[PDB]
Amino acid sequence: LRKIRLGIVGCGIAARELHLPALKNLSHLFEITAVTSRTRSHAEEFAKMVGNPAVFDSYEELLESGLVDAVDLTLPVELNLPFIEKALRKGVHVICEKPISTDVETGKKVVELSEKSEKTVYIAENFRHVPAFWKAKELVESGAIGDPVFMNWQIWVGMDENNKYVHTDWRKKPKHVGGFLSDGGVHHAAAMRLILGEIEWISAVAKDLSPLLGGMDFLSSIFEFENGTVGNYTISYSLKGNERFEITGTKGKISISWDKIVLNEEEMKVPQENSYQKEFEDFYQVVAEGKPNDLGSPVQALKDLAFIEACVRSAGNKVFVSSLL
């Protein structure tokens, strides 16, 4: 099995804590041969965790070095577009973190570069690879609750001053639509779309409740899927509480968690998996083994972002999600 020579770009939290451990479990598929960051010492610390990749002062040099088949971008979202374009111009595949971009108009440019290039652009939306969501999808699609009627997802993150993501520069002064609403919201849209399909319209109210979190941090919404199912999605990044994620149909109900699905009275444990690992496997198959790009698809990520961007601008008015696309 030939390996994908991979360059890591942006050696921050995701790269160290989320990407590397997954990558370390996939060394039969990937070799990290190059590394670059804004702060050189950060790239050097990352190099040591990896082994001995070449360290570059700039991404453009990494791209031209001949050392890589693809690059992994774990950057401030403002950088996705120009950096994806640089990679494709050099004939290099890209796996890039969500959100696809800072907003939908910029996102669309990522999509068109993707569609015009022969190289793969893969937006790493790990919620598309979470088994609990797949299992919910299967239950729903096979008629286990009858016709889906209503879903509610309430999320209370309770981030405080000790949360590491809160202190990063590009989150404190967000350039992305809705601040934390897009940052974490694309995950939630990904999941709802996986389980129930495309959303037709939303109506939502977004608030900025914490001076600690850059931009908006509270969102409450109703929407309707194209299939007629009604959704409620409410989240506070700053306040505490218990997640509920429930789908009620004509014949019964499911509740969804990381570790289990409950179908009426019946518990089913979901065997645990690393979704980052799962997405890297999928990217490998897209790049090397000619698998279609369904789950890392730029178009999919753009649709995730569109849901959130619609909510941010709704101010309680009905927004048809298509009109953003």
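In this text, residue numbers run from 1 along the sequence as written.
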| item | value |
| --- | --- |
| Residue stretch of maximal mean CA temperature factor, 230 to 238 vs 160 to 168 | 160 to 168 |
| Ranked C-alpha temperature factor of residue 190 among modelled chain residues, by third | lowest |
| Cα B factor band for residue 258 (lowest, middle or highest third within the chain) | highest |
| CA B-factor ranking of residue 40, expressed as a third of its chain | lowest |
| Chain thirds of CA B-factor: placement of residue 3 | highest |
| Entry-reported Cα temperature factor of residue 283, expressed as the chain third it lands in | middle |
